[PDB]
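Start at 1 and go down the list; that is how both ligands and their atoms are numbered. The analysis underlying the following values was restricted to heavy atoms, covering all of them including side chains, and did not include hydrogens, waters or symmetry mates. Note that the numbering runs from 1 along the sequence shown for the chain.
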Amino acid sequence: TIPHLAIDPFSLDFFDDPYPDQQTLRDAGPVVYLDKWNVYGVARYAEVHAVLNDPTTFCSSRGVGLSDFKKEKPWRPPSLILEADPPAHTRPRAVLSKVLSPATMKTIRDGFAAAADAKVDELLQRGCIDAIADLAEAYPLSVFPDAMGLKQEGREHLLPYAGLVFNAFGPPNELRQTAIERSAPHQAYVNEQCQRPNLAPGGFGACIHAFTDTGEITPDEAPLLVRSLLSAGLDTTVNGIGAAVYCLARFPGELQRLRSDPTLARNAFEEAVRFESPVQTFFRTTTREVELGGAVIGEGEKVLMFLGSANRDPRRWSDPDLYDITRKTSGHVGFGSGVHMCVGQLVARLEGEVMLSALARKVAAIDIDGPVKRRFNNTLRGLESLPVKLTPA
Ligand code: HEM
Ligand SMILES: CCc1ccc(C(=O)O)cc1
Ligand SMILES: [Cl-]
């Protein structure tokens, strides 16, 4: 009843061009079985959305990577938020919601916008730049570590640590194995920065520790919650901004519309998140036998959700393979959906908005002018290098 497919969604060939295989996954049925990894897969919008919104049946506390925490030891102590189910999830989630709230956004927006404008002005002086290293990476590195309250020394560990976290959700392939082999210095740096004395006053880290006296979290929970922001808060935005710049570089008609109405910046970023889905996949584990799309999945089974495929499913989206900055994007699953839906999404959208606003106001054209190189990661989709020429407005 359930079709069995040999597609490896964690192979380099799949990462290089996932779209044909994602269509094969959607069109084979609402639920597939991936023989390569012994997991169920859901690639259509409807089933991905259904799984995300039933956390009781499709739990996160057995891991949101391939590994089942009931069977194997987690590679690092479980996240108190991403790898927790209600009710244990609820209070840590509330703390991060308040740390990354609107009032916080108001406190950081002017500095984030000024750093975005300054980066674009700097890049325009060079003209020909790498939109990954010099923009997608450089801009978040210029705002987010400071907003966390990290010291300067050791920040070179942040992107390697995040690449490790995202590779570690994958199966035990070479990408995952190599990341874990190299992990010790990055883990040691990150864990140390999570301690209260190492987080500067007023930043996100200090604010997490300050919530340890309200009864929502205890002091011994704060370091791991800081760890969540140092895991999820940087490389995601690198790949979100990279996705948006890559979309504007490939679709100059949309850059032209954005230049003509810079207030489209927020939706242009949201549409890049749908179109590229920087976070491609996450797993859940069934807690009982369950019927999903006419299929019967037993207890204790891993279910792989293809967020990027759900975001391009023609059953849900008109012209899904077109980048359209005025698209009604509400309901895309690039930030997840339901109780675990990205708690940092206001930070991500702020960074994306102010960078796209700076481009919309300062840049007339973005032309690819060198070889594009893709970066391979078991969970993140994005580029290693994007050579572009920026023409000033
Ligand atoms: C474009 C940027 C981003 C994308 C595409 C993204 C994507 C996601 C997705 C898909 C989830 C759902 C995980 C699940 O359902 O298992 C998630 C959750 C989460 N994200 Fe984001 N994220 C982004 C930026 C950020 C930022 C900037 C932060 C922190 C400052 C952050 C922190 C978190 C945390 C802590 C969770 C776990 C929430 C929970 O389990 O309740 N993310 N993100
Ligand atoms: C953006 C995906 C993500 C969310 C949360 C964590 C974490 O809690 O460590 C790590 C990754
Ligand atoms: Cl760690």
Side-chain angles (χ1 to χ4, degrees), residues 48 51-53 55 58-61 63-65 74-86 88-97 99-100 104-105 108 136 140 143-145 147-148 157 161-162 164-166 168-169 180 183-194 203-205 208 223-244 269-270 272-274 276-285 305 307-308 310-311 332-353 379-382:
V48 167
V51 168
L52 286 169
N53 286 96
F58 301 99
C59 82
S60 295
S61 66
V64 298
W75 76 273
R76 60 174 186 168
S79 170
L80 300 180
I81 183 177
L82 180 72
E83 294 156 344
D85 298 319
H89 167 259
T90 303
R91 289 163 303 184
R93 165 76 182 209
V95 170
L96 288 190
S97 301
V99 167
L100 307 175
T104 309
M105 300 309 103
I108 64 181
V143 293
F144 182 77
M148 283 296 311
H157 290 287
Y161 184 78
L164 153 73
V165 169
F166 283 96
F169 296 123
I180 291 176
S183 61
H186 311 312
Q187 295 191 72
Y189 159 84
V190 165
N191 288 335
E192 186 55 33
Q193 307 325 300
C194 292
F204 298 151
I208 289 163
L224 254 71
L225 286 173
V226 181
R227 197 192 70 179
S228 283
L229 297 194
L230 295 181
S231 301
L234 184 66
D235 211 4
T236 51
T237 68
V238 170
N239 287 284
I241 292 170
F269 178 73
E270 202 74 11
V273 175
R274 179 203 67 88
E276 290 299 330
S277 294
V279 181
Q280 285 272 288
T281 43
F282 266 121
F283 292 84
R284 300 292 196 251
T285 314
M305 303 174 292
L307 305 179
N311 282 338
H332 80 83
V333 295
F335 289 117
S337 181
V339 304
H340 292 275
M341 188 171 64
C342 179
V343 75
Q345 63 179 8
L346 307 182
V347 175
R349 290 174 176 139
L350 175 60
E351 287 188 25
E353 173 194 357
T379 305
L380 293 170
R381 171 165 167 86

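Atom CG of residue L82 and atom OG of residue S231 lie 9.0 Å apart, to the nearest 0.5 angstrom. Taking CD of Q187 as the start and CG of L164 as the end, the distance is 6.0 Å to the nearest 0.5 Å. The line from CE of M148 to SG of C194 is 7.5 Å long, rounded to the nearest 0.5 Å. A distance of 8.0 Å separates NE2 of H332 from OG of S277, quoted to the nearest 0.5 Å. Note that CZ of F204 is 6.5 Å distant from OG1 of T104, once rounded to the nearest 0.5 Å. A distance of 8.0 Å separates CD of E351 from CD1 of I108, quoted to the nearest 0.5 Å.
For ligand 1, the atoms lying closer than 4.0 Å to a non-hydrogen atom of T237 are 27 (C). Atom numbering of ligand 1 starts at 1 in the shown order; those under 4.0 Å from a heavy atom of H89 are 39 (C), 40 (O), 41 (O). Close contacts between ligand 1 and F282 involve ligand atoms 13 (C) [criterion: under 4.0 Å to a heavy atom]. Below 4.0 Å from some heavy atom of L229 lie the following atoms of ligand 1, by number and element: 29 (C). Residue-ligand proximity, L82 to ligand 1, at heavy-atom distances under 4.0 Å covers atoms 13 (C), 14 (C), 16 (O), 40 (O). Heavy-atom proximity to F166, at under 4.0 Å, picks out these atoms of ligand 2: 1 (C), 2 (C), 11 (C). Counting the atoms of ligand 2 from 1 in the order shown, those under 4.0 Å from a heavy atom of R76 are 7 (C), 9 (O). If you number the atoms of ligand 1 from 1 as listed, the ones under 4.0 Å from a heavy atom of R93 come out as 38 (C), 39 (C), 41 (O). Within ligand 2, the atoms closer than 4.0 Å to a non-hydrogen atom of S231 are 9 (O), 10 (C), numbered from 1 in the order shown. With ligand atoms numbered from 1 in the order given, ligand 1 contributes 38 (C), 39 (C), 40 (O), 41 (O) to contacts under 4.0 Å with heavy atoms of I81.
In terms of heavy-atom proximity, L225 sits nearest to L80 at CD2-CB, 4.2 Å. When all heavy atoms are compared, the tightest approach of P78 to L224 is O-CD2, 3.3 Å. When all heavy atoms of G338 and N53 are compared, the closest pair comes out as CA-ND2, 3.5 Å. Listed here is the closest heavy atom pair of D85 and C59: OD2-CB, 3.3 Å.
Distances from ligand 1 to the non-hydrogen atoms of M341 include no value under 4.0 Å. Contact analysis leaves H340 out of contact with ligand 2, as no non-hydrogen atom separation drops below 4.0 angstrom. Ligand 2 lies less than 4.0 angstrom from a heavy atom belonging to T236. Residue contacts with ligand 1 leave out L234, since none of its heavy atoms falls under 4.0 Å from the ligand. Within the structure, ligand 1 lacks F204 among the residues with a heavy atom less than 4.0 angstrom away.
Near-neighbour remark for atom 21 (Fe) of ligand 1: protein N, O or S atoms under 2.8 Å are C342 SG; waters not counted.
Residues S97 and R93 have side chains in contact (heavy-atom distance under 4.5 Å, counting atoms from C-beta outward). Using a 4.5 Å cut-off on side-chain heavy atoms (C-beta onward), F269 and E353 make no contact. Looking only at side-chain heavy atoms (C-beta outward), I81 and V95 stay at 4.5 Å or farther from each other. Taking 4.5 Å as the limit, every side-chain heavy atom of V165 sits out of range of all side-chain heavy atoms of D235.
Looking at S60 next to ligand 1, no N or O pair under 3.5 Å apart turns up. Between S228 and ligand 1, no N or O atom pair is found at a separation short of 3.5 Å. For ligand 2, the polar-atom distance check finds no N/O of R227 at less than 3.5 Å from any of the ligand's N/O atoms.
For atom 6 (C) of ligand 2, the candidate residues are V64, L82, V226; the nearest heavy-atom contact is made by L82. With distances taken over non-hydrogen atoms, the option nearest atom 16 (O) of ligand 1 out of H332, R349, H340, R284 is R284.
When heavy-atom distances to ligand 2 are checked against a 4.0 Å cut-off, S228 comes that close through both its backbone and its side chain. Contacts with ligand 1 closer than 4.0 Å are made by backbone heavy atoms (N, CA, C, O) of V339 only, the side chain lying farther away. If you look at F282 next to ligand 2, the close heavy atoms, those under 4.0 Å, all belong to the side chain. Neither the backbone nor the side chain of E351 has any atom closer than 4.0 Å to an atom of ligand 1 (non-hydrogen atoms only).
Between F169 and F283, the ring centre distance reaches or exceeds 6.0 Å.
With respect to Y189, the side-chain contact (heavy atoms from CB on, under 4.5 Å) criterion is satisfied by exactly one of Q193, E192, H186: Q193.
Considering only residues two or more places apart in sequence or on other chains, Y161 meets the ring-ring contact (aromatic ring centres under 6.0 Å, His included) condition with none of them.
At the shortest separation from atom 5 (C) of ligand 1 among protein heavy atoms lies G334 O, 3.4 Å. Closest protein heavy atom to atom 4 (C) of ligand 2: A232 CB, 3.7 Å.
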*Checking side chain to side chain contact (heavy atoms under 4.5 Å, CB included) for the pair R284/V64: CA distance, chi angles, key distance, verdict?*
CA-CA 5 Å; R284 300 292 196 251; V64 298; 3.6 Å; yes

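For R76, the CZ atom is densely surrounded, since the number of other residues' heavy atoms within 6.0 Å is greater than 12.
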